Amino acid sequence: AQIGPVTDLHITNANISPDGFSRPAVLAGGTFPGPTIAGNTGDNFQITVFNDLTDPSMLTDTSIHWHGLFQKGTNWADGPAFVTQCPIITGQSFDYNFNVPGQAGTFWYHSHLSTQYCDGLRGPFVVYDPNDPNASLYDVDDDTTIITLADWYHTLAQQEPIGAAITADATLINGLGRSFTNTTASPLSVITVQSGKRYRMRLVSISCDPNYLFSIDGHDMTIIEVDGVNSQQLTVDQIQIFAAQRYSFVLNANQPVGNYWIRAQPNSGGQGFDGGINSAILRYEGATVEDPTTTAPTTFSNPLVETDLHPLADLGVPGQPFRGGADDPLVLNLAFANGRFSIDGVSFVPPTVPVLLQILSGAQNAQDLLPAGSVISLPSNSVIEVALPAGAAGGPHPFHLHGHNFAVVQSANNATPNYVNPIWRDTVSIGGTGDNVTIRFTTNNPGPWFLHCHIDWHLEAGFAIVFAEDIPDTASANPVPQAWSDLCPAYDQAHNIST
Ligand SMILES: *[C@@H]1O[C@H](CO)[C@@H](O[C@@H]2O[C@H](CO)[C@@H](O)[C@H](O)[C@H]2NC(C)=O)[C@H](O)[C@H]1NC(C)=O
Ligand SMILES: *[C@@H]1O[C@H](CO)[C@@H](O[C@@H]2O[C@H](CO)[C@@H](O)[C@H](O)[C@H]2NC(C)=O)[C@H](O)[C@H]1NC(C)=O
Ligand SMILES: [Cu+2]
Ligand SMILES: [Cu+2]
Ligand SMILES: [Cu+2]
Ligand SMILES: [Cu+2]
Ligand code: NA
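Calculation criteria
- Residues numbered from 1 in each chain as written, not as in the entry; some residues may be left out.
- Chains lettered and ligands numbered in written order.
- Heavy atoms only, no water.
- Residues with missing side-chain atoms left out of burial classes, pairs and counts.
- Helix = DSSP H or I, 4+ residues; strand = E, 2+ residues; numbered from the N terminus.
- Rg over C-alpha atoms; globule rule 2.2 N^0.38 Å.
- Contact = heavy atoms within 4.5 Å.
- Near = heavy atom within 4 Å.
- Areas by Shrake-Rupley, 256 points an atom, 1.4 Å probe, with all protein chains shown as cover.
- Nonpolar A, V, L, I, M, F, W, Y, C, P; charged D, E, K, R; others polar.
- Donors = N, O, S within 2.8 Å, 3.2 Å for Na, K, Ca; no water.
- Buried < 20%, exposed > 50% of the residue type's maximum accessible area, 1.4 Å probe, protein only.
- Pairing = 2+ DSSP bridges.
- Disulfide = S-S within 2.5 Å.
- Core = buried A, V, L, I, M, F, W, Y, C linked by side-chain atoms within 4.5 Å.

Its PDB header names X-ray crystallography as the technique used to obtain the model and reports a resolution of 1.35 Å.

**Q** For the overall build of the protein chain, give the residues involved together with the corresponding values.
**A** The helix and strand tally for the protein chain stands at five helices and 31 strands. Taking 23 Å as the expected radius of gyration for a compact globule of 499 residues, we find that the protein chain reaches 22 Å, a close match to that expectation. By its C-alpha atoms, the protein chain is 65 × 55 × 45 Å across when sized along the principal axes. Partitioning the contacts of the protein chain with sequence separation of at least 6, the portion at a separation of at least 24 is 76%.

**Q** Account for the site of ligand 2, with residues named and values stated.
**A** With respect to spatial proximity, the complete set of residues near ligand 2 consists of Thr307, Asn414, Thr416, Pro417 and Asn418. Within the complex, the protein chains bury 33% of what would otherwise be the 580 Å² of accessible surface of ligand 2. A per-class count over the shell around ligand 2 returns one nonpolar, four polar and no charged.

**Q** Describe the coordination of the copper ion (ligand 4), listing the residues and the values that go with them.
**A** The copper ion (ligand 4) binds to the protein through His65 (NE2) and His400 (NE2); the donor distances cover 1.9 Å. Between the two metal centres, the copper ion (ligand 4) and the copper ion (ligand 3), the spacing is 4.0 Å. Taken as a pair, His65 in strand β5 (residues 64-67) and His400 in strand β25 (residues 398-401) lie far apart in primary sequence, 335 residues in all.

**Q** I'd like to hear about the pairing of strand β19 (residues 279-284), residue by residue, with values.
**A** Where burial is concerned, most of β19 is hidden: six out of the six residues are buried. Judged by which residues are buried, β19 turns out to be covered on both faces: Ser279, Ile281 and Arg283 on one side and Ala280, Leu282 and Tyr284 on the other are all buried. By the bridge criterion, four bridges tie strand β11 (residues 190-193) to β19 in an arrangement that is parallel. Along β19, the bridge assignment pairs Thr192 with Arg283. Across five bridges, the pairing between strand β18 (residues 259-266) and β19 is antiparallel. Pairing of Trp261 across the sheet is with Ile281, part of β19.

**Q** Quick one: what's the story with the state of the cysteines, residue by residue and with numbers?
**A** This structure, assessed with the given rule, holds two disulfides. Bridging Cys86 to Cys488, the disulfide has an S-S length of 2.1 Å. The sign of the 100 degrees torsion about the S-S bond sets the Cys86-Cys488 disulfide as right-handed. With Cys86 in the loop between β5 and β6 (93-99) and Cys488 in helix α5 (residues 487-494), this residue pair connects regions lying 402 residues apart in the sequence. Per residue, the accessibility class of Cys86 equals that of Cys488, and both read buried. A sulfur-sulfur distance of 2.0 Å marks the disulfide that ties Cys118 to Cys208.

**Q** Can you tell me about the nonpolar core, naming the residues and giving the values?
**A** One broad rule of soluble globular proteins: the nonpolar side chains tend to lie buried together. Residues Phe214, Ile223, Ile239 and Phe249 are the most contacted members of the largest nonpolar core, which totals 93 residues. A per-element tally of this core places strand β9 (residues 146-152) first, with five residues. Each residue touching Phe214, except ones within four places of it in the same chain, is listed here: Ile147, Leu149, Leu203, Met221, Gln238, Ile239, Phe249, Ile262, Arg263 and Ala264. The next biggest cluster of nonpolar side chains, apart from the first, holds 36 residues, and it includes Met58, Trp76, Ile89 and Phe98.

So, in structure tokens, the structure goes:
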């Protein structure tokens, strides 16, 4: 069952074996992935998170981010540790009480403390639209049509060297899959469809690192949503999905009744499908209960290309139709050396006092904010452009901005900008050497918003900055509850920190 929009959520440690190998984990709702949190557009969500963690090897503190939800007027509920809150300590709970006006689509939730989400705290978050403009394109849209793609590690995250190229041990599709080494024939996930019906498949990358080449043998996929943003229909036979991205696609169950492989090939770790790695099963009602015998093509003739996507609504692009044509045009210098990433020459290391609390206590320019050089102020009611030129090691880097979605004016692997009708989204691959992926948005949401690579190992190694949007209005726009004000005193007392 789905839970929400008002629900408790317990965070616990438990052993799990999603690929046949047992290890301890950090779980929401006792499962991997966690339960789907759901509601309708405009609803009040009140997710009371109970931190019941006791195993220090995966951290006993926690904090949860609601990925892609704008949090307008509720910056304190966004979740990134040391940006918008101190962590919740064990044996305590915290009500994330916010609203989702003007958003409907496919999201997710995850730990936003250190690399803790890798250890298991990740699940889907769906905001349905009772008047969805795409409703007539499918028959079925429910918990059975959500498809999660996850990387899974045998080594615990806090034992991964910082700045290292860290590689997974299994791909999990809906929580199940087979290990790349010592492969055992452990259970594969089954997605069941009825011949003749059309399904809204909600494809969610809950990855900590790899991107996946996703396809379904014999089937094609009609994209209708990108990171929460409704799209024009685009039919493809393969989707390359980067960490934290989401797509909805229509699956027409129009092939002969049978079993078909679902494939998710990561860019690192095990290559291919030997032993049923990187695989799940699409089963038609009435098919024999057996593994598929289908083949992938050698090459995919209609892969997703990001410039082919366009919004369903007339969203346009803010600003003027040329590079630098914005009120506040930025170019970030994105680099890596010696195990650490930097942005504009500064490697991100989380501050002792969360950025939001520094601002509520009176610090009101970005040079007064800690970490020094890691906070850039943005002016209010202004068009912002951010160029993100690639080349830093460990690519392709999927950059994500909190508090906002953005027009993708220039995409990976294509030097031509689009100032007319690009897709809007919240997480974007910045591509390869020489690319100049560029995003635009308007600043109508006061508060400190994290900008970072969503490969969690890279974030841990410093690949982040904070946009302090409209510092002067942050306090009036974001009144804080007493329970939020209590978090830093409790955390600092528990950890013997003076501040
Ligand atoms: C990416 O595009 C940005 C503009 O959005 C380029 O920025 C210019 O960089 C040069 C130096 O390289 C400066 O003289 C300008 O002030 C910058 N802003 C402009 C022209 O609007 C940046 O060079 C591009 N990077 C790559 C790798 O192509
Ligand atoms: C490279 O990106 C550009 C810009 O998004 C794409 O150019 C558009 O192509 C569409 C489809 O033919 C035309 O309707 C638009 O007028 C083009 N816009 C511009 C500004 O040129 C281009 O198709 C992409 N290249 C590839 C190989 O997909
Ligand atoms: Cu996220
Ligand atoms: Cu986010
Ligand atoms: Cu990265
Ligand atoms: Cu983040
Ligand atoms: Na415009």
